[PDB]
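Worksheet for the structure shown next.
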Amino acid sequence: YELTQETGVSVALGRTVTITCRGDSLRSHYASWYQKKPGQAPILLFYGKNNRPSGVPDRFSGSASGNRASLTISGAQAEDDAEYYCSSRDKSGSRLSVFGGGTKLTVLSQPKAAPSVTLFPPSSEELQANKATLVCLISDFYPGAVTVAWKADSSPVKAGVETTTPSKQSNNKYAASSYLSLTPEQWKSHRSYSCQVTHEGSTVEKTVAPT
Amino acid sequence: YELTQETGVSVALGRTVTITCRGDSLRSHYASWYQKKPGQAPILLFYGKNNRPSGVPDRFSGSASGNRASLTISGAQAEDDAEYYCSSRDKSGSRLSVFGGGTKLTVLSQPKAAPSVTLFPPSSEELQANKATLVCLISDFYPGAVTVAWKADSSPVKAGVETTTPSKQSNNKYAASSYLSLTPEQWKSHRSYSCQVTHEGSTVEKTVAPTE
Amino acid sequence: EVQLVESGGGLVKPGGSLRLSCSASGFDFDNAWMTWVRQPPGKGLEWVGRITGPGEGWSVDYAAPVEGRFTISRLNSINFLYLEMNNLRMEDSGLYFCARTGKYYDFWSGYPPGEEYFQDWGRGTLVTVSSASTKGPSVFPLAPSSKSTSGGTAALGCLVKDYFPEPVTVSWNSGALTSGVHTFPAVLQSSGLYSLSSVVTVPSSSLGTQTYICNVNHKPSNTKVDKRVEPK
Amino acid sequence: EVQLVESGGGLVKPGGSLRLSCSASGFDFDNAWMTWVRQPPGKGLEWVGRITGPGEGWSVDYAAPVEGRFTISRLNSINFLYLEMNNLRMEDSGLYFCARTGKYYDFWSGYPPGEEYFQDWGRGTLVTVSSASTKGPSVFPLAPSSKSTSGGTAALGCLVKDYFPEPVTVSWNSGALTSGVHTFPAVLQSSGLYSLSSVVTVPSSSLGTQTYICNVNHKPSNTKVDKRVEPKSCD
Amino acid sequence: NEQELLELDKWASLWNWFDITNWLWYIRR
Amino acid sequence: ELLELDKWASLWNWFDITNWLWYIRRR
């Protein structure tokens, strides 16, 4: 816990925001700053007194005073929606290094976009392996929050559902997936099954039939 | 080959199929028909003009015309999946008998099922006997036709390979086995070995290495 | 009721002789025509010969490739059929069945001597003609590991390597364990030796608790092997 | 031009050992300080240790939780960094990165030994420390029909079901199809097993007459599957 | 019933099948 | 000759260097 950062920070698209890092060592040592997106290698943004690596947009800048270090983003963009880590010595004069716990920067609002939903029935092979999985894939939505409900012939399904937490796509909209596990007999004995995706008050329902 | 039969015929579950037996002697003599499953004695199905032994389901019936005899199964069941042989005189008026070459009848009675593949490396015990066999076991697939190929590293292995003909499990799906027989030196001299199983357009490859 | 049981099959050298027996019961053997049929490995049924009845003075007919080398006879008092084989050849190798044989003739459409057909069959006895000698199998464990597991269940087995001739039988834990078992057909290597595998799938949780031993029987070499199979 | 590629991750049992590797090119490796960093599941970045250069006698410093169990070393002739880990425990599990490490010191305001910064990073290699057994994936088609077509384009895919541990990789037609590919993050089931779906978007008019095969690789079980995906007969 | 058939078969067995079939064929033609 | 002088400079201990740079400022 030598370097402490805000756990989460939200900022309007195109506005200015400052993230800070605080710890005893910072009164003696400069911090460096890293951007990290889930699935991606981290990127060095800024280091030392005033060094910004080649390739890094000029809107990222760092500064320091007392036991604190700051990363400031000006005109923050949608692709700045990421995790941010500061790094420095763990203690003044130490040969070790340490990272702060990181800050999730949420670059708020922007346009809402409706999910694209696709629903696949169980394959024959899987049915022959004595299992049945319905697969409901959901993508290109924003903000990153949906509710997924399943139905069997108009009746709500209330077991066997597993749904992922939404993740950012390369276009900064969101994607998630939902899985309904049935026995082959449950799949074959119903007229249909449906995947119902609610997003921002609106619902998309896709339906599949064993027949 | 006095009596000729189809090599193999396939029929969908519950449909009708006819297999034939052909030969000069059949002009003069009726044929008899036998079902044979692997590791089981043959069974008599039908003989002469119109004789079905007691115990044989009525979906089996034979007929004859010209130099051909035919066995018809009206509404094929899964358990009808088997080899069928015809028998008759070798020549008109002969006291000898003969069998046709046999027909393998495939009753497709299930949706496709994908193979489960496990590759075992040579056991320490076997390597101590100065031998090494890779054992690739394949199971729960359907229908019962696979292609197995082996690799040493990325190279295809020609020799040392032997593969069984798929055979039915208790659940009517199929299993098979393939062996790559190596010398201990061969085994220890490549990074890896692979068994590649291709079934109905799709392939599963399992790999093992000489380490661990 | 009708029972047919063939014996006397085994390994024999080319040029050698062998005598097969078939004991019959549950029907009038004295008057029954009796036939021998063989199935060579990888191939179909092949008619070998047939002995007739008292009406025909117990005449015998033989397939051409077998004539002059084989002799079929019977002992009606003890209900036995016999096939004596001399000058055996590799192509004689195979599975020999005895069959209760019926006779058919359609008065209106038939042609003499009508047809013979095979109403009951034995399980057969295996003849192997080869200049190769017997070899008992080397039995090896197919052990469970990270390379050989899948979630909850696990697959284990035995490799029954390099035996001659056929057959081998395999059970698991003295017959007690039969659920989840599959014993594969043997393969014939370029060496002229057979191998086969037997596999069983079991709960991964059961190793600490349960021991796994495969019982291999190879009568042709008078060999039995109880092989423990333990995780790497 | 800087490239860092870690490898050697996979499933190891508590108490086990593992060596990770990192190949490096596009810079003067011999005189470069190199650092290992890890990201445990659901957590942030964590400094693991760093090895120095010739002037420092290839000295190494280690994080406290890792001292006496991990050894960082390097082979300059092939530009490889290594991390050897012994007596691994569950908390060791995470994604391991190697990083080209710069050294900074401001003459007028600085304090020794200045500070170190991570100028280039690899994509990481995933280490899973668990007593649970590896399980290979079952791959099933996600077949297109009139319920997954979108006019001129259709979505089809593969369900990669019930494997452990992560990761799996999936490509389509051996990577000949890049455009249109969307592999969804895995769901973690109550069984402790993962499942994931990969889809590709293809021309609808091509369904039934063209081949689409997903290539699934799960190194921890030494399993590769090539699954052909077709529109199902008559449904 | 079944006994009558068996007894019958025992009687027919007294004759040469090859000769019987030849004669039946002549009788027919 | 600065060619060989860079070679030797590379054998400077970073920890020693910073300790020395700090020393000449602070003293």
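In the structure tokens, chains take the letters A, B, ... in the order shown, each chain's residues start at 1, and ligands count up from 1 in the order shown.
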With chain B as the partner and 6 Å as the cut-off, tabulate the residues of chain C that qualify, each row holding the nearest pair of atoms and their distance in Å to one decimal, using only C-alpha atoms, sorted by chain and rising number, as CSV.
```
residue,atom,partner,partner_atom,distance
C:44,CA,B:101,CA,5.8
C:47,CA,B:98,CA,5.5
C:111,CA,B:28,CA,5.9
C:112,CA,B:93,CA,5.5
C:113,CA,B:93,CA,5.7
C:119,CA,B:44,CA,5.9
C:123,CA,B:41,CA,5.2
C:187,CA,B:164,CA,5.8
```
Members of chain D assigned strand (DSSP E) by DSSP, as a PyMOL selection string: chain D and resi 3-7+11-12+18-25+33-39+46-51+60-62+70-75+80-85+94-104+115-121+125-129+138-142+149-150+153-163+169-172+181-183+187-188+194-203+213-218+223-228
Selection: 8 Å around region 30-33 of chain D, only C-alpha atoms, excl. self and same-chain fewer than 3 positions, as a list in words: residues 50, 51, 52, 53, 54, 76, 79, 100, 101 and 102 of chain D; 10 of chain F
Test item: chain D residues at most 9 Å from chain C, counting only C-alpha atoms, as a list in words: residues 132, 133, 134, 135, 136, 137, 162, 163, 164, 193, 220, 221 and 222 of chain D
Residues within 10 Å of residue 14 (chain F), only C-alpha atoms, excluding chain neighbours under 4 positions, as a list in words: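 After dropping sequence-adjacent residues, the list is residues 52, 53, 55, 56, 103, 104, 105, 112, 113 and 114 of chain D; 10, 18, 19 and 20 of chain F.
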Between chain D and chain B, at 10 Å or less, what are the per-residue closest atom pairs and their distances in Å? Count only C-alpha atoms, order by chain and rising residue number, and return it as a tab-separated table.
```
residue	atom	partner	partner_atom	distance
D:136	CA	B:206	CA	9.9
D:138	CA	B:116	CA	8.9
D:139	CA	B:114	CA	9.1
D:140	CA	B:114	CA	9.0
D:213	CA	B:202	CA	8.3
D:214	CA	B:202	CA	9.7
D:215	CA	B:203	CA	9.4
D:216	CA	B:204	CA	9.5
D:217	CA	B:205	CA	9.6
D:219	CA	B:207	CA	9.6
D:221	CA	B:206	CA	8.2
D:222	CA	B:207	CA	5.4
D:223	CA	B:206	CA	5.0
D:224	CA	B:205	CA	5.2
D:225	CA	B:204	CA	4.6
D:226	CA	B:203	CA	5.1
D:227	CA	B:202	CA	4.9
D:228	CA	B:202	CA	5.5
D:229	CA	B:202	CA	9.0
```
Selection: 12 Å around residue 202 (chain A), only C-alpha atoms, excl. self and same-chain fewer than 6 positions, as a ChimeraX atom specification: /A:112-115,141,146-148,196
Near-residue 87 (chain D) list (7 Å; only C-alpha atoms; drop same-chain fewer than 2 positions) as a VMD selection string: chain D and resid 14 to 17 69 85 89
Chain A residues near chain B (12 Å cut-off, only C-alpha atoms) as a ChimeraX atom specification: /A:123-131
I'd like the neighbourhood of residue 61 (chain C) as a JSON list (two decimals) with N, CA, C and O atoms, in the first residue's frame, where a residue qualifies if any of its atoms comes within 9 Å (using only C-alpha atoms), though same-chain residues fewer than 2 positions away should be ignored.
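Written out: part_7.json:
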```
[["chain", "number", "residue", "atom", "x", "y", "z"],
["B", 95, "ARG", "N", -23.62, -80.50, -55.61],
["B", 95, "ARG", "CA", -23.80, -80.90, -54.22],
["B", 95, "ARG", "C", -23.00, -80.02, -53.26],
["B", 95, "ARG", "O", -23.09, -80.17, -52.04],
["B", 96, "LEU", "N", -22.20, -79.12, -53.82],
["B", 96, "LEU", "CA", -21.43, -78.21, -52.99],
["B", 96, "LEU", "C", -22.27, -76.97, -52.68],
["B", 96, "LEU", "O", -23.27, -76.71, -53.33],
["C", 48, "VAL", "N", -16.76, -75.14, -46.16],
["C", 48, "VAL", "CA", -15.63, -76.05, -46.14],
["C", 48, "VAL", "C", -16.06, -77.44, -46.59],
["C", 48, "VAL", "O", -15.45, -78.05, -47.47],
["C", 49, "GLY", "N", -17.14, -77.94, -45.98],
["C", 49, "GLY", "CA", -17.65, -79.26, -46.32],
["C", 49, "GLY", "C", -18.86, -79.65, -45.50],
["C", 49, "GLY", "O", -19.19, -78.97, -44.52],
["C", 50, "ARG", "N", -19.51, -80.74, -45.89],
["C", 50, "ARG", "CA", -20.74, -81.20, -45.24],
["C", 50, "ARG", "C", -20.86, -82.71, -45.30],
["C", 50, "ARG", "O", -20.66, -83.32, -46.35],
["C", 51, "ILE", "N", -21.16, -83.33, -44.16],
["C", 51, "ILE", "CA", -21.45, -84.75, -44.13],
["C", 51, "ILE", "C", -22.97, -84.98, -44.07],
["C", 51, "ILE", "O", -23.70, -84.31, -43.33],
["C", 52, "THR", "N", -23.44, -85.92, -44.88],
["C", 52, "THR", "CA", -24.86, -86.18, -44.98],
["C", 52, "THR", "C", -25.30, -87.22, -43.96],
["C", 52, "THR", "O", -24.62, -87.43, -42.95],
["C", 59, "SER", "N", -22.27, -89.82, -46.89],
["C", 59, "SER", "CA", -21.38, -89.24, -47.89],
["C", 59, "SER", "C", -20.90, -87.86, -47.43],
["C", 59, "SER", "O", -21.57, -87.20, -46.64],
["C", 63, "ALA", "N", -15.24, -78.42, -50.25],
["C", 63, "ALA", "CA", -14.92, -77.30, -51.12],
["C", 63, "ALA", "C", -13.63, -77.64, -51.86],
["C", 63, "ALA", "O", -12.76, -78.33, -51.33],
["C", 67, "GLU", "N", -10.21, -80.07, -50.78],
["C", 67, "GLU", "CA", -10.39, -81.48, -51.13],
["C", 67, "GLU", "C", -9.06, -82.23, -51.23],
["C", 67, "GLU", "O", -8.12, -81.77, -51.88],
["C", 72, "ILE", "N", -14.03, -85.00, -43.07],
["C", 72, "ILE", "CA", -15.11, -84.80, -42.12],
["C", 72, "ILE", "C", -15.69, -86.15, -41.73],
["C", 72, "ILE", "O", -15.91, -87.01, -42.58]]
```
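Every residue of chain C that lies within 8 Å of chain E is listed here, counting only C-alpha atoms: residues 31, 53, 54, 55, 56, 105, 107, 108, 110, 111, 112, 113 and 114 of chain C.
CA of residue 77 (chain C) lies 15.3 Å from CA of residue 33 (chain C).
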Which of C:183, C:223, C:39, C:21 sits closest to residue 134 (chain C) [using only C-alpha atoms]: C:223
Show me a table, sorted first by chain and then by increasing residue number, of the residues of chain D having an atom at most 8 Å from chain A, each with its shortest atom pair and the distance in Å to one decimal, counting only C-alpha atoms and written as a tab-separated table.
```
residue	atom	partner	partner_atom	distance
D:43	CA	A:101	CA	8.0
D:44	CA	A:101	CA	5.8
D:45	CA	A:99	CA	6.4
D:46	CA	A:99	CA	6.1
D:47	CA	A:98	CA	5.5
D:49	CA	A:96	CA	7.7
D:61	CA	A:96	CA	6.5
D:62	CA	A:96	CA	7.1
D:63	CA	A:96	CA	7.1
D:104	CA	A:48	CA	6.7
D:105	CA	A:48	CA	7.7
D:106	CA	A:49	CA	7.4
D:110	CA	A:29	CA	6.8
D:111	CA	A:28	CA	5.8
D:112	CA	A:93	CA	5.7
D:113	CA	A:93	CA	6.1
D:114	CA	A:29	CA	6.5
D:115	CA	A:88	CA	6.3
D:116	CA	A:88	CA	7.2
D:117	CA	A:32	CA	6.2
D:118	CA	A:44	CA	6.5
D:119	CA	A:44	CA	5.7
D:120	CA	A:43	CA	7.3
D:121	CA	A:41	CA	6.0
D:122	CA	A:41	CA	6.1
D:123	CA	A:41	CA	4.8
D:124	CA	A:41	CA	7.3
D:140	CA	A:123	CA	6.6
D:141	CA	A:123	CA	6.3
D:142	CA	A:120	CA	6.0
D:143	CA	A:120	CA	7.1
D:144	CA	A:120	CA	7.9
D:147	CA	A:119	CA	7.5
D:148	CA	A:118	CA	6.1
D:184	CA	A:177	CA	7.1
D:185	CA	A:176	CA	7.7
D:186	CA	A:164	CA	7.5
D:187	CA	A:164	CA	5.6
D:189	CA	A:162	CA	7.1
D:235	CA	A:211	CA	7.2
```
Next, write the just-selected residues to a file, as a short mmCIF file (atom, residue, chain, number, x, y, z; two decimals), in the first residue's frame, keeping N, CA, C and O atoms as the atom set.
```cif
data_model
loop_
_atom_site.label_atom_id
_atom_site.label_comp_id
_atom_site.auth_asym_id
_atom_site.auth_seq_id
_atom_site.Cartn_x
_atom_site.Cartn_y
_atom_site.Cartn_z
N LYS D 43 -7.09 -8.16 -10.13
CA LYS D 43 -6.26 -7.19 -9.42
C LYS D 43 -5.47 -6.33 -10.39
O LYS D 43 -5.61 -6.46 -11.60
N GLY D 44 -4.63 -5.46 -9.84
CA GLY D 44 -3.84 -4.56 -10.64
C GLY D 44 -2.44 -5.08 -10.86
O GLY D 44 -2.13 -6.23 -10.55
N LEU D 45 -1.57 -4.23 -11.39
CA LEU D 45 -0.20 -4.66 -11.65
C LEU D 45 0.62 -4.78 -10.36
O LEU D 45 0.43 -4.00 -9.42
N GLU D 46 1.55 -5.74 -10.34
CA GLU D 46 2.41 -6.01 -9.19
C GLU D 46 3.86 -6.26 -9.63
O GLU D 46 4.14 -7.19 -10.39
N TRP D 47 4.77 -5.42 -9.17
CA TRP D 47 6.19 -5.61 -9.48
C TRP D 47 6.70 -6.92 -8.87
O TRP D 47 6.47 -7.20 -7.69
N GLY D 49 10.14 -8.47 -9.86
CA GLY D 49 11.57 -8.32 -9.63
C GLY D 49 12.22 -7.76 -10.88
O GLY D 49 11.57 -7.69 -11.92
N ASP D 61 16.86 -7.67 -7.85
CA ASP D 61 16.05 -7.35 -6.67
C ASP D 61 14.68 -7.98 -6.84
O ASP D 61 14.20 -8.08 -7.96
N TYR D 62 14.08 -8.39 -5.72
CA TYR D 62 12.84 -9.16 -5.72
C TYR D 62 11.80 -8.54 -4.78
O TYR D 62 12.15 -7.95 -3.76
N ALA D 63 10.53 -8.72 -5.12
CA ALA D 63 9.45 -8.28 -4.23
C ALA D 63 9.42 -9.21 -3.02
O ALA D 63 9.72 -10.40 -3.13
N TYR D 104 15.99 6.47 -14.69
CA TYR D 104 15.87 7.91 -14.72
C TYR D 104 16.39 8.54 -13.44
O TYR D 104 16.14 8.04 -12.33
N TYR D 105 17.13 9.63 -13.59
CA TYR D 105 17.60 10.41 -12.45
C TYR D 105 17.74 11.88 -12.80
O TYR D 105 18.49 12.25 -13.71
N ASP D 106 17.01 12.72 -12.07
CA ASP D 106 17.10 14.16 -12.26
C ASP D 106 18.21 14.76 -11.41
O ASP D 106 18.14 14.74 -10.18
N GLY D 110 16.80 15.00 -7.94
CA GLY D 110 16.73 13.56 -7.77
C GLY D 110 17.26 12.99 -6.47
O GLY D 110 18.06 13.63 -5.78
N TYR D 111 16.80 11.78 -6.13
CA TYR D 111 17.27 11.02 -4.98
C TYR D 111 17.67 9.61 -5.41
O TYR D 111 16.90 8.92 -6.07
N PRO D 112 18.88 9.18 -5.04
CA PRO D 112 19.31 7.83 -5.44
C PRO D 112 18.36 6.76 -4.89
O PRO D 112 17.82 6.93 -3.80
N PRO D 113 18.17 5.66 -5.64
CA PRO D 113 18.82 5.38 -6.93
C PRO D 113 17.98 5.83 -8.12
O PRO D 113 17.91 5.11 -9.12
N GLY D 114 17.36 7.01 -8.01
CA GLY D 114 16.48 7.52 -9.05
C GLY D 114 15.25 6.63 -9.14
O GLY D 114 14.80 6.06 -8.15
N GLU D 115 14.70 6.51 -10.34
CA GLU D 115 13.61 5.55 -10.50
C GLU D 115 13.61 4.80 -11.83
O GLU D 115 14.28 5.20 -12.78
N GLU D 116 12.88 3.69 -11.88
CA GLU D 116 12.87 2.83 -13.05
C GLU D 116 11.50 2.90 -13.69
O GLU D 116 10.48 3.04 -13.00
N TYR D 117 11.46 2.85 -15.02
CA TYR D 117 10.19 2.94 -15.74
C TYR D 117 10.13 1.87 -16.82
O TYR D 117 11.16 1.42 -17.34
N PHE D 118 8.92 1.46 -17.17
CA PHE D 118 8.74 0.31 -18.04
C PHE D 118 8.34 0.73 -19.45
O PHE D 118 7.17 0.92 -19.75
N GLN D 119 9.36 0.91 -20.28
CA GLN D 119 9.20 1.57 -21.58
C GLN D 119 8.53 0.70 -22.64
O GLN D 119 7.80 1.20 -23.49
N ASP D 120 8.76 -0.62 -22.57
CA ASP D 120 8.08 -1.57 -23.46
C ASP D 120 7.63 -2.81 -22.69
O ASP D 120 8.32 -3.24 -21.77
N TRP D 121 6.49 -3.38 -23.08
CA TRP D 121 5.93 -4.54 -22.40
C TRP D 121 5.56 -5.65 -23.38
O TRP D 121 5.22 -5.37 -24.53
N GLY D 122 5.59 -6.90 -22.92
CA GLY D 122 5.03 -8.00 -23.68
C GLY D 122 3.53 -8.12 -23.39
O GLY D 122 3.01 -7.35 -22.57
N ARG D 123 2.85 -9.06 -24.05
CA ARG D 123 1.41 -9.27 -23.85
C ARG D 123 1.10 -10.20 -22.66
O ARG D 123 -0.06 -10.38 -22.30
N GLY D 124 2.13 -10.80 -22.08
CA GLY D 124 1.99 -11.61 -20.88
C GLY D 124 1.79 -13.09 -21.16
O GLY D 124 1.41 -13.50 -22.26
N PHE D 140 -18.18 -27.21 -30.33
CA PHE D 140 -19.42 -27.48 -31.06
C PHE D 140 -19.72 -26.36 -32.04
O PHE D 140 -19.36 -25.22 -31.79
N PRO D 141 -20.36 -26.68 -33.18
CA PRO D 141 -20.65 -25.59 -34.12
C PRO D 141 -21.75 -24.69 -33.59
O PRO D 141 -22.64 -25.16 -32.89
N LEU D 142 -21.66 -23.40 -33.91
CA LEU D 142 -22.77 -22.48 -33.80
C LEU D 142 -23.21 -22.21 -35.24
O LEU D 142 -22.66 -21.33 -35.92
N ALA D 143 -24.17 -23.00 -35.70
CA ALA D 143 -24.54 -23.07 -37.10
C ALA D 143 -25.44 -21.91 -37.48
O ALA D 143 -26.41 -21.64 -36.78
N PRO D 144 -25.15 -21.29 -38.63
CA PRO D 144 -26.00 -20.22 -39.16
C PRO D 144 -27.30 -20.81 -39.68
O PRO D 144 -27.38 -22.00 -40.04
N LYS D 147 -31.89 -17.47 -38.71
CA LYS D 147 -32.08 -16.84 -37.41
C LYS D 147 -30.81 -16.14 -36.99
O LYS D 147 -30.75 -15.50 -35.94
N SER D 148 -29.79 -16.24 -37.83
CA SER D 148 -28.53 -15.59 -37.54
C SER D 148 -28.01 -14.93 -38.80
O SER D 148 -26.86 -14.45 -38.82
N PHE D 184 -15.62 -13.94 -27.91
CA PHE D 184 -16.18 -13.38 -26.70
C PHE D 184 -15.39 -13.86 -25.50
O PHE D 184 -14.91 -14.98 -25.48
N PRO D 185 -15.25 -13.01 -24.48
CA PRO D 185 -14.58 -13.45 -23.26
C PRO D 185 -15.29 -14.66 -22.67
O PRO D 185 -16.51 -14.80 -22.80
N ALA D 186 -14.53 -15.53 -22.03
CA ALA D 186 -15.06 -16.75 -21.47
C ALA D 186 -16.00 -16.48 -20.30
O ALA D 186 -15.85 -15.49 -19.58
N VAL D 187 -16.98 -17.35 -20.13
CA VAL D 187 -17.72 -17.40 -18.89
C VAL D 187 -17.04 -18.46 -17.99
O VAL D 187 -16.54 -19.48 -18.48
N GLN D 189 -17.84 -21.11 -15.20
CA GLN D 189 -19.03 -21.80 -14.72
C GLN D 189 -18.90 -22.18 -13.24
O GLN D 189 -17.83 -22.05 -12.66
N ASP D 235 -32.88 -27.39 -41.36
CA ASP D 235 -33.41 -26.63 -40.23
C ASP D 235 -32.96 -25.16 -40.26
O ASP D 235 -33.63 -24.30 -40.83
#
```
